[PDB]
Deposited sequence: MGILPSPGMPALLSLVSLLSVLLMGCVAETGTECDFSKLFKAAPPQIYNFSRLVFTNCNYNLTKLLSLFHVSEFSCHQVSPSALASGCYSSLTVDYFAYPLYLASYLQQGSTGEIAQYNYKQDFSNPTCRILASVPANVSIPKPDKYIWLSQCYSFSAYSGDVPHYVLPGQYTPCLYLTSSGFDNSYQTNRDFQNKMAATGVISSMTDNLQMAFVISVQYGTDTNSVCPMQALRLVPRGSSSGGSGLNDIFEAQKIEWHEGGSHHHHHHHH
């Protein structure tokens, strides 16, 4: 059976450094996995929520990260804000669905100190200005190596003058209940309930 233990072992990452799980040739139980959280949104695309639990697919992929619930509108399809521009771009070329949930205190999931996302990521030069770098669907930002130091205050910019790159981070205070987002994509079959 497909194992989700790596999810519960440590703290979830931030949105720009999301973790990914790929499952092939195993038996999955989506009902048990989502029964542990308080689901607040289950927006699905090109598939039904009931049909997603009992289907058979060749590959299954899960992306998860810490995400505050009040930013839910900035993850919807067709958004042009900084969340989709610089942090995570959802791939709609395959049937994929998005779930937002809260972690009860009964579940043993370590939680981070705060929520962090990037507001901009660009290359700078005095000849022309700033050239933004936009994230591709399903891929990581090129400013990822500049977030290793971290951000102490909101709108702090971490720079690298050798390659002339800059990234800005925005901080949100950690809530009483850890809030996370799951993006589940499927492709068509060795993975069945």
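Student: Any chance you could give me the deposited-sequence numbering of all the stretches lacking C-alphas?
Tutor: No coordinates exist for the deposited residues in 1 to 32, 221 to 224, 230 to 271, so these stretches are absent from the model.
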